[PDB]
Amino acid sequence: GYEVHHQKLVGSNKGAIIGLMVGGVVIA
Amino acid sequence: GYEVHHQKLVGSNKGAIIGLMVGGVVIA
Amino acid sequence: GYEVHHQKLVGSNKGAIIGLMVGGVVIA
Amino acid sequence: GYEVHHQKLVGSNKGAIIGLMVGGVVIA
Amino acid sequence: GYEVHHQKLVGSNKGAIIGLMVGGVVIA
Amino acid sequence: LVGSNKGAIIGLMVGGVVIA
Amino acid sequence: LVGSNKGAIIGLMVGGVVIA
Amino acid sequence: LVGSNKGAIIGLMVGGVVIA
Amino acid sequence: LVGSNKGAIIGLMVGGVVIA
Amino acid sequence: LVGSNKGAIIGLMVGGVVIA
């Protein structure tokens, strides 16, 4: 179980690159 | 189980690149 | 089970590129 | 099962490119 | 079990690059 | 196979994306 | 096969996307 | 196989992404 | 195999990403 | 195998990322 809230991320970025992935949450 | 809320992300970005993927949530 | 709400993403981006995909949610 | 609500995404973007896909939800 | 809230991240960054991944939450 | 590759070569493909 | 590739080459294809 | 590769070469592919 | 590789070579691939 | 490798060579791959 996981919870994540009220946060922020700011500025230009190189993205997300991901392999074989099962059941994850990816914000990128 | 997962929960994610009220957050933000700001600025120009290189996106998301993803392999074989099962049941994930991807915001990008 | 998953929940995601009230969030935002801002700025021009290179999109999402995805391999073989089963049952996922992709916002991009 | 999945739930996603009350969010937004803002700015011009390069879309979504997806391989073989089964039962997914793609907003792009 | 995990909880993360009210935080921020600021400045241009090299993204996230990820191997085989099961059930994680990735902000990037 | 003889001679150089600068692009992508695949024997069998199921799903996936190739950008030259 | 003999001689150079700059694009994409596939033996068997199911689904997927190619951009030259 | 003879001669140099600067790109990508795959025997069997399920999912995944290739950028030259 | 004969001659130098500067790119990527894979026998069997499930998922994953290749950038030349 | 003959000649030097400056890139990446893999027998079997599940997940992972390769940057040349």
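If you take the residues in chain E that are β-branched (V, I, T) and loosely packed, with under 13 Cβ neighbours inside 10 Å, which one is farthest from B:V26 (Cα to Cα)? Break it down into steps so the answer makes sense when it comes.
First pass over chain E, keeping only residues β-branched (V, I, T): E:4, E:10, E:17-18, E:22, E:25-27.
Those still in the list that are loosely packed, with under 13 Cβ neighbours inside 10 Å too: E:10, E:22.
On the way: E:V10: 21, E:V22: 14 Å.
Once the filter is applied, the top-ranked residue is E:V10.
Which residues, counting only those in region D:8-28, are more than 20 Å from B:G23 (Cα to Cα) and assigned to a loop (DSSP other than H, G, I, E, B)? Spell out how you get there, then give the answer.
Start the filter on region D:8-28 by keeping residues that are more than 20 Å from B:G23 (Cα to Cα), which leaves D:8-15.
Answer for region D:8-28, where residues must be more than 20 Å from B:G23 (Cα to Cα) and assigned to a loop (DSSP other than H, G, I, E, B): D:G11, D:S12, D:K14, D:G15.
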The residue that is surrounded by the most Cβ atoms within 10 Å (Cβ to Cβ), considering only those in chain G that are closer than 9 Å to F:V18 by Cβ and free of Cβ contacts under 8 Å to residues at least 12 places away in the same chain, is G:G16
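Restricting to region D:7-28, name every residue that is under 24 Å from B:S12 (Cβ atoms) and either of a type outside the set (V, I, T) or in contact with a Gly (Cβ under 6 Å, 6 or more places away or on another chain) (or both). Give the derivation first.
First, the residues of region D:7-28 that are under 24 Å from B:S12 (Cβ atoms): D:7-18, D:26-28.
Correct list: D:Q7, D:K8, D:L9, D:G11, D:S12, D:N13, D:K14, D:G15, D:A16, D:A28.
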In region A:4-15, the residues that are closer than 22 Å to E:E3 by Cβ and either under 13 Å from the mean Cα position of the chain (by Cα) or of a type in the set (F, W, Y) (or both) | A:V4, A:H5, A:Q7, A:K8, A:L9
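Here Cβ is always computed from backbone atoms with ideal geometry, including for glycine, and neighbour counts include all displayed protein chains. Computed from the coordinates by the stated procedures, all read-outs in this text should not be read as laboratory data.
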